[PDB]
Amino acid sequence: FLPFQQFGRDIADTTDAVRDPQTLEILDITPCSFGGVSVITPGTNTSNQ
Amino acid sequence: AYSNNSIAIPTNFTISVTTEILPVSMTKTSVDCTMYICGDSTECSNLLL
């Protein structure tokens with residue numbers, strides 16, 4: 001990052017990066033891990049696995 | 001040429017190979033409604049329900 005750039009956002013207008021307000025350090029904002037929960041299960045009358 | 005007593009019959013041939021490119025399937029995509037509004041916030045979920 002250039003010395004004068006404070007934060008930045010991605011194409012979705014969500015903030016992907018930030019500069020340390022105390023010391024001089026540059027940190028990216030990476031959202032917490034996610035994905036979809038896929039359930040592989042037989043019918044309710046078969047089992048609960 | 002067009003005549004009643006005239007006919008044309010081929011004396012030789014050739015074997016031609018052509019190409020037609022036909023699509024079968026597209027990319028499977030699934031978009032979440034809540035994460036498309038925002039994540040890690042209950043304001044998007046209460047106002048979205």
# chains A, B, ... in the order shown; residues from 1 in each chain; ligands from 1
>>> interface_residues(of="chain B", to="chain A", cutoff="12 Å", atoms="only C-alpha atoms", output="list in words")
residues 29, 30, 31, 32, 33, 34, 35, 36, 37, 38, 39 and 40 of chain B
>>> select_by_dssp(residues="chain A", states="strand (DSSP E or B)", output="list in words")
residues 8, 9, 15, 16, 17, 18, 19, 26, 27 and 28 of chain A
>>> residues_around(residues="residue 9 in chain A", least_positions_apart="3", cutoff="10 Å", atoms="only C-alpha atoms", output="JSON, numbers by chain")
{"A": [12, 13, 14, 15, 16, 17, 18, 28, 29]}
>>> write_last_selection(atoms="C-alpha atoms", output="PDB file, in the first residue's frame")
ATOM      1  CA  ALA A  12     -18.702  -5.241  -3.668  1.00  0.00           C
ATOM      2  CA  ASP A  13     -18.031  -2.060  -1.574  1.00  0.00           C
ATOM      3  CA  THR A  14     -17.033  -4.150   1.424  1.00  0.00           C
ATOM      4  CA  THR A  15     -13.766  -3.272   3.125  1.00  0.00           C
ATOM      5  CA  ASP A  16     -10.977  -5.741   2.349  1.00  0.00           C
ATOM      6  CA  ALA A  17      -8.013  -3.866   3.887  1.00  0.00           C
ATOM      7  CA  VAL A  18      -7.090  -1.540   6.767  1.00  0.00           C
ATOM      8  CA  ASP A  28      -6.187  -7.152   4.874  1.00  0.00           C
ATOM      9  CA  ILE A  29      -9.753  -7.916   5.929  1.00  0.00           C
TER      10      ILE A  29
END
>>> atom_distance(atom1="CA of residue 2 in chain A", atom2="CA of residue 30 in chain A")
19.9 Å
>>> select_by_dssp(residues="chain B", states="helix (DSSP H, G or I)", output="list in words")
residues 33, 34, 35, 36, 37, 42, 43, 44, 45, 46, 47 and 48 of chain B
>>> decode(residues="range 7-46 of chain A", atoms="N, CA and C atoms", output="mmCIF file, in the first residue's frame")
data_model
loop_
_atom_site.group_PDB
_atom_site.id
_atom_site.type_symbol
_atom_site.label_atom_id
_atom_site.label_comp_id
_atom_site.auth_asym_id
_atom_site.auth_seq_id
_atom_site.Cartn_x
_atom_site.Cartn_y
_atom_site.Cartn_z
ATOM 1 N N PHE A 7 -7.686 2.933 3.981
ATOM 2 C CA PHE A 7 -8.319 1.637 3.760
ATOM 3 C C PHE A 7 -8.657 1.432 2.280
ATOM 4 N N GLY A 8 -9.260 0.283 1.990
ATOM 5 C CA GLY A 8 -9.669 -0.044 0.639
ATOM 6 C C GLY A 8 -10.836 -1.004 0.700
ATOM 7 N N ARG A 9 -11.611 -1.054 -0.378
ATOM 8 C CA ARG A 9 -12.771 -1.935 -0.413
ATOM 9 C C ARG A 9 -12.672 -2.719 -1.720
ATOM 10 N N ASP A 10 -13.444 -3.795 -1.828
ATOM 11 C CA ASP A 10 -13.419 -4.668 -2.994
ATOM 12 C C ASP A 10 -14.481 -4.154 -3.994
ATOM 13 N N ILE A 11 -14.787 -4.896 -5.077
ATOM 14 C CA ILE A 11 -15.805 -4.448 -6.045
ATOM 15 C C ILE A 11 -17.207 -4.435 -5.418
ATOM 16 N N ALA A 12 -17.414 -5.183 -4.346
ATOM 17 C CA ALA A 12 -18.702 -5.241 -3.668
ATOM 18 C C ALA A 12 -18.914 -4.129 -2.647
ATOM 19 N N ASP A 13 -17.978 -3.173 -2.538
ATOM 20 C CA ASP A 13 -18.031 -2.060 -1.574
ATOM 21 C C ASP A 13 -17.959 -2.542 -0.132
ATOM 22 N N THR A 14 -17.311 -3.678 0.082
ATOM 23 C CA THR A 14 -17.033 -4.150 1.424
ATOM 24 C C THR A 14 -15.535 -4.001 1.617
ATOM 25 N N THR A 15 -15.143 -3.646 2.833
ATOM 26 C CA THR A 15 -13.766 -3.272 3.125
ATOM 27 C C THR A 15 -12.893 -4.511 3.252
ATOM 28 N N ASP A 16 -11.924 -4.637 2.345
ATOM 29 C CA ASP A 16 -10.977 -5.741 2.349
ATOM 30 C C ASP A 16 -9.615 -5.418 2.958
ATOM 31 N N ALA A 17 -9.341 -4.173 3.359
ATOM 32 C CA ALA A 17 -8.013 -3.866 3.887
ATOM 33 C C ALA A 17 -8.091 -2.668 4.828
ATOM 34 N N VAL A 18 -7.158 -2.621 5.784
ATOM 35 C CA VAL A 18 -7.090 -1.540 6.767
ATOM 36 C C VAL A 18 -5.644 -1.332 7.227
ATOM 37 N N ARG A 19 -5.305 -0.092 7.571
ATOM 38 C CA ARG A 19 -3.988 0.253 8.085
ATOM 39 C C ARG A 19 -4.095 0.377 9.599
ATOM 40 N N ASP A 20 -3.041 -0.061 10.292
ATOM 41 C CA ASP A 20 -2.963 -0.025 11.747
ATOM 42 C C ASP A 20 -3.039 1.418 12.237
ATOM 43 N N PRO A 21 -4.021 1.769 13.072
ATOM 44 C CA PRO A 21 -4.074 3.135 13.611
ATOM 45 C C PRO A 21 -2.983 3.474 14.623
ATOM 46 N N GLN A 22 -2.345 2.493 15.270
ATOM 47 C CA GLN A 22 -1.317 2.804 16.276
ATOM 48 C C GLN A 22 0.072 2.885 15.648
ATOM 49 N N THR A 23 0.609 1.738 15.246
ATOM 50 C CA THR A 23 1.884 1.620 14.558
ATOM 51 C C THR A 23 1.641 1.667 13.053
ATOM 52 N N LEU A 24 2.693 1.463 12.268
ATOM 53 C CA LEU A 24 2.554 1.439 10.820
ATOM 54 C C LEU A 24 2.579 -0.038 10.456
ATOM 55 N N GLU A 25 1.406 -0.566 10.127
ATOM 56 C CA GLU A 25 1.224 -1.952 9.735
ATOM 57 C C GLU A 25 0.013 -1.955 8.807
ATOM 58 N N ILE A 26 -0.013 -2.877 7.847
ATOM 59 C CA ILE A 26 -1.071 -2.940 6.840
ATOM 60 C C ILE A 26 -1.749 -4.303 6.858
ATOM 61 N N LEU A 27 -3.047 -4.341 7.181
ATOM 62 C CA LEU A 27 -3.729 -5.624 7.306
ATOM 63 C C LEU A 27 -4.932 -5.693 6.379
ATOM 64 N N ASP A 28 -5.052 -6.832 5.716
ATOM 65 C CA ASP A 28 -6.187 -7.152 4.874
ATOM 66 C C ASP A 28 -7.342 -7.705 5.696
ATOM 67 N N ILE A 29 -8.561 -7.420 5.256
ATOM 68 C CA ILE A 29 -9.753 -7.916 5.929
ATOM 69 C C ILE A 29 -10.241 -9.067 5.078
ATOM 70 N N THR A 30 -10.136 -10.252 5.651
ATOM 71 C CA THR A 30 -10.619 -11.470 5.048
ATOM 72 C C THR A 30 -11.757 -11.967 5.917
ATOM 73 N N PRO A 31 -12.966 -12.043 5.370
ATOM 74 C CA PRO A 31 -14.119 -12.536 6.129
ATOM 75 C C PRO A 31 -13.904 -13.952 6.638
ATOM 76 N N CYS A 32 -14.621 -14.274 7.714
ATOM 77 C CA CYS A 32 -14.493 -15.548 8.409
ATOM 78 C C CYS A 32 -14.954 -16.631 7.444
ATOM 79 N N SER A 33 -14.399 -17.838 7.598
ATOM 80 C CA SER A 33 -14.616 -18.886 6.608
ATOM 81 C C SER A 33 -16.071 -19.311 6.587
ATOM 82 N N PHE A 34 -16.538 -19.606 5.379
ATOM 83 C CA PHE A 34 -17.905 -20.031 5.169
ATOM 84 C C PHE A 34 -17.994 -20.877 3.913
ATOM 85 N N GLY A 35 -19.211 -21.316 3.667
ATOM 86 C CA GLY A 35 -19.591 -22.144 2.548
ATOM 87 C C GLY A 35 -20.951 -22.676 2.916
ATOM 88 N N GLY A 36 -21.484 -23.518 2.063
ATOM 89 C CA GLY A 36 -22.780 -24.075 2.341
ATOM 90 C C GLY A 36 -22.653 -25.392 3.070
ATOM 91 N N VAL A 37 -23.664 -25.706 3.857
ATOM 92 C CA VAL A 37 -23.683 -26.956 4.594
ATOM 93 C C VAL A 37 -24.525 -27.930 3.768
ATOM 94 N N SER A 38 -23.871 -28.958 3.247
ATOM 95 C CA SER A 38 -24.553 -29.979 2.470
ATOM 96 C C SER A 38 -24.708 -31.221 3.330
ATOM 97 N N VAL A 39 -25.935 -31.710 3.412
ATOM 98 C CA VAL A 39 -26.303 -32.861 4.223
ATOM 99 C C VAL A 39 -26.565 -34.081 3.339
ATOM 100 N N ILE A 40 -25.807 -35.135 3.571
ATOM 101 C CA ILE A 40 -26.004 -36.360 2.826
ATOM 102 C C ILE A 40 -26.665 -37.268 3.843
ATOM 103 N N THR A 41 -27.955 -37.518 3.641
ATOM 104 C CA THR A 41 -28.722 -38.347 4.551
ATOM 105 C C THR A 41 -29.787 -39.122 3.793
ATOM 106 N N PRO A 42 -30.120 -40.331 4.242
ATOM 107 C CA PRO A 42 -31.249 -41.056 3.648
ATOM 108 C C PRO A 42 -32.574 -40.490 4.137
ATOM 109 N N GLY A 43 -33.669 -41.167 3.803
ATOM 110 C CA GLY A 43 -34.982 -40.724 4.234
ATOM 111 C C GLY A 43 -35.134 -40.768 5.744
ATOM 112 N N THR A 44 -36.091 -39.976 6.244
ATOM 113 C CA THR A 44 -36.371 -39.934 7.680
ATOM 114 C C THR A 44 -36.836 -41.294 8.196
ATOM 115 N N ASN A 45 -37.537 -42.059 7.364
ATOM 116 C CA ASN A 45 -37.973 -43.389 7.755
ATOM 117 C C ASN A 45 -36.876 -44.434 7.598
ATOM 118 N N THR A 46 -35.701 -44.055 7.088
ATOM 119 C CA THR A 46 -34.581 -44.992 6.953
ATOM 120 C C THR A 46 -33.687 -44.946 8.190
#
